[PDB]
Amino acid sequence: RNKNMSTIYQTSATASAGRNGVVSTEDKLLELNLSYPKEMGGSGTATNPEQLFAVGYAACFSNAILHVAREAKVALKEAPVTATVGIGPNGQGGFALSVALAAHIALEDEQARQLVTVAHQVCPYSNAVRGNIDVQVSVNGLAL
């Protein structure tokens, strides 16, 4: 489930001032300023690793749903996904993420459900956090 058996795509990024400086892909396709959010005492003038994870997870899960749709020959124009990410202490000295994913799919409900369930199985963010984060997944307003 967890082994990447043959790398199809590889990328890299470098940061040096943690949550409060610049971060960029080594190809420079993506170059971003980061700052602490207001909730953490910062300026909120820029993004942060929690928002990045939300953006990337929403995008990965949306890609995943469209992937499965293509494979099932289901014509889906869009697969909007809202990802909500929280961060707090884990009580052992570190920090942990909590995640909710809300998918909105123009299909009959049982069908949408099946599709999104398979997508959650195949999505590499989902495989990455499986058993660590209990990702709360819903499809068209209903929890899976």
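From 1 onward, residues are counted along the sequence shown.
Q: Do the CA atoms of 11 to 19 or those of 128 to 136 have the higher mean B-factor in the entry?
A: Between 128 to 136 and 11 to 19, it is 11 to 19 that shows the higher mean C-alpha B-factor.
Q: Between 58 to 66 and 25 to 33, name whichever shows the higher mean Cα B factor according to the PDB entry.
A: Here the higher of the two C-alpha B-factor means belongs to 25 to 33.
Q: Which is it among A112, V81, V118, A96: the one with the largest CA B-factor in the entry?
A: Max CA B-factor in the entry, restricted to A112, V81, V118, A96: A112.
Q: Select lowest, middle or highest to describe the third in which the CA B-factor of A102 falls within its chain in this entry.
A: Lowest third.
Q: Considering only modelled residues of the same chain, in which third does the CA B-factor of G91 rank: lowest, middle or highest?
A: Answer is middle: the recorded C-alpha B-factor places it there.
Q: Select lowest, middle or highest to describe the third in which the CA B-factor of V85 falls within its chain in this entry.
A: Lowest third, going by the recorded CA B-factors of the chain.
Q: Among all modelled residues of this chain, ranked by Cα B factor, put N48 in the bottom, middle or top third, i.e. lowest, middle or highest.
A: Answer is lowest: the recorded C-alpha B-factor places it there.
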